[PDB]
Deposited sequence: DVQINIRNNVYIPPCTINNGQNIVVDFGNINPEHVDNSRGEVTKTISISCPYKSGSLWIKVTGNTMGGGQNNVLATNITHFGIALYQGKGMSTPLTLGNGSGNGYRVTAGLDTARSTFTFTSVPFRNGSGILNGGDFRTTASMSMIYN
């Protein structure tokens, strides 16, 4: 068409980071660090990516809250729990479970959602 369109993200497929069947009781310092790689196919990169969503209390700036109190999902840029991810080509990000409290957790299953914005120049 006359207008150059925006890039297609991982072939218009749905993006879901699955942690399989795991007990919310982990070390949250090296566990189900699930890495995800989503492809970016553009027409012509001039694009910015910002990730936002509900966060748990505390001083962490890369952790999403879940449907389980004291349990969240921490995010990191690229493959590896090294550099954090503050809340044609590809984009890789690592997600790892994180519990900010000792004691019992009300929930064996968990799910959360984050927004990934493609901001065009």
Review point. Could you list, start to end, the deposited-sequence stretches with no C-alpha atoms?
Key: 1 to 8, 53 to 54, 98 to 114
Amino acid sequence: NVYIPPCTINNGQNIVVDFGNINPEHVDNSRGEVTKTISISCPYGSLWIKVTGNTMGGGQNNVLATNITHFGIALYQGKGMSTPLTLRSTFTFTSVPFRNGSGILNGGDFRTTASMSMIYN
From here on, numbers count along this sequence of modelled residues.
Study note, to complete from the structure: Looking only at C-alpha temperature factors in the entry, 68 to 76 or 32 to 40, the higher average sits in 32 to 40
Review point. Out of 102 to 110 and 10 to 18, which stretch has the higher average CA B-factor listed in the record?
Key: 102 to 110
Check your understanding: Taking the values straight from the PDB record, which of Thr83, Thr52, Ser95, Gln60 has the highest C-alpha temperature factor?
Key -> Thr83
